[PDB]
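*Asks:* fold the stuff below for me.
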Amino acid sequence: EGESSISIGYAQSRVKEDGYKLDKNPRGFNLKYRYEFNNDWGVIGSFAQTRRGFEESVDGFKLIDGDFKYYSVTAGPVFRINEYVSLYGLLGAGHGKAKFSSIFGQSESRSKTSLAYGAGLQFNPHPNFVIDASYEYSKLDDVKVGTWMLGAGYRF
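*Replies:* Residues are numbered from 1 along each chain as shown. Provided below are the atomic coordinates:
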């Protein structure tokens, strides 16, 4: 019913905000699944999960870890350019959540939604080993978020 491949890589995003961490770059892992409906045509799914890179500290028997989570999900078609060169597009949505730790009668938090758009490059040095590079960007009116992913894929 078609060839299937799996790809893994590290995800690095940049968020413009005044707070902890100078570069404000969330850390996480990106999982991509490739499914080919044809010899030169196929689709890919990229899932990115990132969290605040804050060192674990013990205070009040509770863990903060930055209280910030960022999730991204994108998908796009894959078209081969040459024998060992493939080009694919990335489209999807991103979701970020932030919580504040303090002592108050009531608790509050913030959640943001955004659209993700980008493109990716795929190189095939070996039949069972490919190099995947993906670029994803989220456009918000006040906040600009960029996500970069570098990894490798394995063909079954």
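*Asks:* kindly list the longest strand within the protein.
*Replies:* Longest strand of the chain, by residue count under DSSP state E: strand 109-126.
*Asks:* and it, how far from the chain's centre?
*Replies:* In terms of CA atoms, centre = their mean, to the nearest Å, the centre of strand 109-126 is found 5 Å from the chain centre.
*Asks:* what comes up buried for the next helix or strand after it?
*Replies:* From strand 109-126 onward toward the C-terminus, using DSSP states H and E, the following helix or strand is strand 129-139. Buried residues in strand 129-139, defined by neighbour count with 16 or more other CB atoms under 10 Å: 130-132, 134, 136-138. For the C-beta atoms, the positions are set from N, CA and C on the backbone; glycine is no exception.
*Asks:* of these, closest to residue 18?
*Replies:* Lowest distance from residue 18 to the buried residues of strand 129-139 (CB to CB) belongs to residue 138, with 18.6 Å.
*Asks:* ok now do the closest one, which residues does it touch?
*Replies:* 72, 94, 114-116, 144-147 (CB atoms under 8 Å, 6 or more residues apart in numbering).
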